[PDB]
Amino acid sequence: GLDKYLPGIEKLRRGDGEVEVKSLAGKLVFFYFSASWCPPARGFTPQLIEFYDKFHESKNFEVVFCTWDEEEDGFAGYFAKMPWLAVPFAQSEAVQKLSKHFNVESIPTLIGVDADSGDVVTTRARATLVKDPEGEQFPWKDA
(Lines give C-alpha, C1' and ligand atoms only; values in the text may rest on other atoms or scores of the structure.)
Protein backbone atom coordinates (compact mmCIF):
# COMPACT_ATOMS: atom_id res chain seq x y z
CA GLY A 1 0.00 0.00 0.00
CA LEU A 2 2.60 2.57 1.09
CA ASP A 3 5.16 1.74 -1.62
CA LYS A 4 3.08 3.96 -3.94
CA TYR A 5 3.70 6.98 -1.69
CA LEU A 6 7.13 6.13 -0.30
CA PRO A 7 8.80 4.11 -3.08
CA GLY A 8 11.77 2.16 -1.76
CA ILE A 9 11.77 3.72 1.69
CA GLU A 10 12.14 0.88 4.18
CA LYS A 11 12.66 2.91 7.35
CA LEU A 12 11.17 6.01 8.94
CA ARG A 13 12.55 8.16 11.75
CA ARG A 14 11.15 7.79 15.28
CA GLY A 15 12.74 9.85 18.03
CA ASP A 16 16.48 9.51 17.42
CA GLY A 17 16.22 6.11 15.73
CA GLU A 18 14.20 4.37 13.04
CA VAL A 19 11.27 1.99 12.55
CA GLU A 20 10.47 -0.24 9.56
CA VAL A 21 7.71 0.91 7.20
CA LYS A 22 6.41 -2.68 7.61
CA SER A 23 5.43 -1.86 11.22
CA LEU A 24 2.56 0.26 9.83
CA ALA A 25 0.62 -2.83 8.63
CA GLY A 26 -3.12 -2.47 9.11
CA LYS A 27 -2.94 1.19 10.25
CA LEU A 28 -4.38 4.38 8.88
CA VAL A 29 -1.36 6.53 8.03
CA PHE A 30 -1.55 10.31 8.08
CA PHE A 31 1.06 12.21 6.07
CA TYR A 32 1.61 15.50 7.90
CA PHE A 33 3.00 18.17 5.59
CA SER A 34 4.51 21.01 7.61
CA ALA A 35 7.68 23.03 8.20
CA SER A 36 9.42 24.82 11.01
CA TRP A 37 8.91 28.07 9.05
CA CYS A 38 5.14 27.67 8.64
CA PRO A 39 3.15 30.19 10.81
CA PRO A 40 -0.27 28.40 10.99
CA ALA A 41 1.41 25.09 11.85
CA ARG A 42 2.42 26.54 15.23
CA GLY A 43 -1.18 26.56 16.43
CA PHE A 44 -2.20 23.37 14.61
CA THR A 45 0.62 21.04 15.65
CA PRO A 46 -0.30 20.97 19.40
CA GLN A 47 -3.91 20.08 18.50
CA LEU A 48 -2.63 17.20 16.35
CA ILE A 49 -0.32 16.08 19.19
CA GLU A 50 -3.25 16.03 21.64
CA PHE A 51 -5.37 14.00 19.22
CA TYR A 52 -2.48 11.63 18.49
CA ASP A 53 -1.76 11.05 22.17
CA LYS A 54 -5.45 10.33 22.91
CA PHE A 55 -6.24 8.15 19.90
CA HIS A 56 -3.30 6.81 17.89
CA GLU A 57 -3.56 3.44 19.65
CA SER A 58 -7.36 3.12 20.09
CA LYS A 59 -8.16 4.45 16.58
CA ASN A 60 -5.15 2.59 15.08
CA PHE A 61 -3.31 5.28 13.18
CA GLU A 62 0.16 6.72 12.77
CA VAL A 63 1.44 10.14 11.71
CA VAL A 64 4.37 10.50 9.29
CA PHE A 65 5.91 13.97 9.12
CA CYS A 66 6.65 15.00 5.52
CA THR A 67 8.86 18.05 5.75
CA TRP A 68 8.88 21.25 3.68
CA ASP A 69 11.98 22.39 5.60
CA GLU A 70 14.96 22.76 3.27
CA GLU A 71 17.59 22.86 6.02
CA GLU A 72 18.46 19.67 7.93
CA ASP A 73 18.88 21.58 11.22
CA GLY A 74 15.41 23.11 10.87
CA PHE A 75 13.90 19.73 10.06
CA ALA A 76 15.66 17.95 12.93
CA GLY A 77 14.77 20.57 15.55
CA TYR A 78 11.13 20.63 14.50
CA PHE A 79 10.76 16.85 14.31
CA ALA A 80 12.33 16.52 17.79
CA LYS A 81 9.24 18.27 19.12
CA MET A 82 6.90 15.65 17.54
CA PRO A 83 5.93 12.23 19.03
CA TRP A 84 5.34 10.36 15.73
CA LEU A 85 7.37 9.32 12.65
CA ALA A 86 9.15 11.18 9.85
CA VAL A 87 10.37 10.59 6.33
CA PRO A 88 14.14 10.98 6.70
CA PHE A 89 15.49 14.37 5.56
CA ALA A 90 17.68 12.53 2.99
CA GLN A 91 14.48 11.28 1.30
CA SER A 92 13.08 14.80 0.78
CA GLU A 93 12.73 14.18 -2.96
CA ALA A 94 10.12 11.53 -2.08
CA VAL A 95 8.31 14.16 0.02
CA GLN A 96 8.28 16.69 -2.81
CA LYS A 97 6.90 14.11 -5.21
CA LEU A 98 4.26 13.07 -2.63
CA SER A 99 3.31 16.74 -2.14
CA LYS A 100 2.73 16.95 -5.89
CA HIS A 101 0.80 13.67 -5.98
CA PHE A 102 -1.68 14.98 -3.38
CA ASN A 103 -1.69 18.51 -4.75
CA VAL A 104 -0.49 19.94 -1.45
CA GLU A 105 -0.24 23.66 -2.12
CA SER A 106 -0.17 24.99 1.42
CA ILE A 107 0.82 23.70 4.81
CA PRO A 108 -0.11 22.46 7.28
CA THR A 109 -1.93 19.62 5.46
CA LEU A 110 -2.86 16.19 6.77
CA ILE A 111 -3.73 13.31 4.42
CA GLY A 112 -4.80 9.90 5.63
CA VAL A 113 -4.26 6.74 3.62
CA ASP A 114 -4.91 3.09 4.41
CA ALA A 115 -1.50 1.40 4.81
CA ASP A 116 -2.52 -1.98 3.40
CA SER A 117 -4.43 -0.88 0.29
CA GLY A 118 -2.84 2.55 -0.22
CA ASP A 119 -6.35 3.95 -0.66
CA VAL A 120 -6.95 7.58 0.18
CA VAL A 121 -9.21 7.93 3.21
CA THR A 122 -9.18 11.71 3.89
CA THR A 123 -7.46 14.74 2.41
CA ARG A 124 -9.01 17.29 4.78
CA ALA A 125 -7.98 16.13 8.25
CA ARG A 126 -6.12 19.40 9.03
CA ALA A 127 -9.49 21.19 8.71
CA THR A 128 -11.73 18.55 10.27
CA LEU A 129 -9.53 17.66 13.24
CA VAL A 130 -9.68 21.14 14.77
CA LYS A 131 -13.49 20.91 14.81
CA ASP A 132 -13.64 17.34 16.08
CA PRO A 133 -11.11 16.97 18.93
CA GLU A 134 -12.80 13.80 20.24
CA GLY A 135 -12.76 12.18 16.80
CA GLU A 136 -16.49 11.48 16.71
CA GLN A 137 -16.31 11.63 12.91
CA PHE A 138 -12.81 10.18 12.51
CA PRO A 139 -11.34 9.39 10.00
CA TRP A 140 -13.26 12.24 8.25
CA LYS A 141 -13.69 10.27 5.05
CA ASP A 142 -13.68 12.14 1.75
CA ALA A 143 -16.91 11.86 -0.25
Side-chain angles (χ1 to χ4, degrees), residues 1-15 18-57 59-143:
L2 294 179
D3 211 28
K4 194 192 165 153
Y5 302 123
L6 310 162
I9 295 166
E10 281 204 316
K11 297 214 178 64
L12 299 170
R13 305 309 303 189
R14 183 188 59 181
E18 290 182 317
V19 301
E20 294 188 308
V21 171
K22 284 188 188 277
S23 70
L24 298 186
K27 294 197 185 189
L28 175 64
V29 176
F30 287 106
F31 298 119
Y32 181 41
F33 301 85
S34 192
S36 70
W37 52 257
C38 175
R42 286 175 178 268
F44 177 70
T45 302
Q47 296 172 82
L48 176 58
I49 289 171
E50 182 170 349
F51 192 88
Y52 180 85
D53 282 347
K54 284 177 182 166
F55 301 124
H56 84 274
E57 307 159 61
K59 298 193 190 305
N60 198 219
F61 66 86
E62 188 53 271
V63 176
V64 178
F65 175 44
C66 296
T67 190
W68 281 17
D69 283 292
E70 295 182 37
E71 294 177 290
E72 191 158 19
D73 284 354
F75 161 84
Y78 185 37
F79 178 55
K81 300 156 191 171
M82 296 170 186
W84 45 64
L85 313 181
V87 177
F89 185 79
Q91 268 73 225
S92 285
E93 278 134 10
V95 172
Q96 291 164 344
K97 282 163 177 189
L98 189 56
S99 298
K100 173 174 182 177
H101 177 74
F102 278 120
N103 195 23
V104 183
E105 288 191 296
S106 65
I107 48 164
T109 287
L110 192 61
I111 299 194
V113 308
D114 177 63
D116 290 347
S117 67
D119 299 354
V120 181
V121 175
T122 181
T123 52
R124 300 133 42 249
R126 174 268 184 285
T128 57
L129 183 149
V130 302
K131 294 189 70 77
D132 182 27
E134 293 314 298
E136 289 185 0
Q137 297 308 134
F138 173 95
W140 311 295
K141 294 186 204 73
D142 284 11

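Position 1 is the first residue of the sequence; numbering continues from there.
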What pair of heavy atoms forms the shortest contact from [X] to [Y], and how long is it?
X      : Y      : value
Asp142 : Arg124 : OD1-NH1, 2.9 Å
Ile49  : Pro83  : CG1-CD, 3.9 Å
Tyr32  : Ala41  : OH-CB, 4.0 Å
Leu129 : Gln47  : CD2-O, 3.9 Å
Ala125 : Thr122 : N-OG1, 3.7 Å
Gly15  : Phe79  : O-CE2, 3.8 Å

**Message:** Please check if the number of heavy atoms outside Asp53 that lie under 6.0 Å from its CG is greater than 12.
**Reply:** yes
Are any non-hydrogen side-chain atoms of [X] and [Y] less than 4.5 angstrom apart?
X      : Y      : result
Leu2   : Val113 : yes
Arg126 : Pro40  : yes
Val21  : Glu10  : no
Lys54  : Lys59  : no
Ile107 : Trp37  : yes
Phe31  : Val104 : no

**Item:** Given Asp116, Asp114, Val64, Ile111, the one that forms side-chain contact (heavy atoms from CB on, under 4.5 Å) with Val29
**Value:** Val64
**Message:** Using 0.5 Å steps for rounding, measure from the CD atom of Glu136 to the NZ atom of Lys131.
**Reply:** 13.0 Å
**Prompt:** Rounded to the nearest 0.5 Å, how far apart are CG of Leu48 and NE2 of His56?
**Reply:** 12.0 Å
**Message:** Quick test of your reading of the model: are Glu18 and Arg13 salt-bridged, counting only N-O distances below 4.0 Å?
**Reply:** yes
**Request:** Please work out which of the three classes, parallel, tilted or perpendicular, describes the rings of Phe30 and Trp140, given edges at 30° and 60°.
**Result:** tilted
**Request:** For the pair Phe75 and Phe65, name the ring-plane relationship: parallel under 30°, tilted 30 to 60°, perpendicular over 60°.
**Result:** parallel
**Prompt:** Are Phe55 and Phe138 near enough that their ring centres are under 6.0 Å apart?
**Reply:** no
Less than 3.5 Å apart, which donor and acceptor atoms pair up between the side chains of residues 84-103 and the rest of the protein, not counting sequence neighbours?
{"from": "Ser92", "atom 1": "OG", "to": "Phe89", "atom 2": "O", "distance (Å)": "2.7"}
{"from": "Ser99", "atom 1": "OG", "to": "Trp68", "atom 2": "NE1", "distance (Å)": "2.9"}
{"from": "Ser99", "atom 1": "OG", "to": "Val95", "atom 2": "O", "distance (Å)": "2.8"}

**Request:** Report yes or no: do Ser34 and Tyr78 form a side-chain donor-acceptor pair below 3.5 Å?
**Result:** yes
**Request:** Apply side chain to side chain contact (heavy atoms under 4.5 Å, CB included) to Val130 and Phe51, showing your working.
**Result:** CA-CA 9 Å; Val130 302; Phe51 192 88; over 6 Å; no
**Request:** Tell me, please, which residues at least two apart from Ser36 pass side-chain hydrogen bond (donor to acceptor under 3.5 Å, both in side chains).
**Result:** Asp69
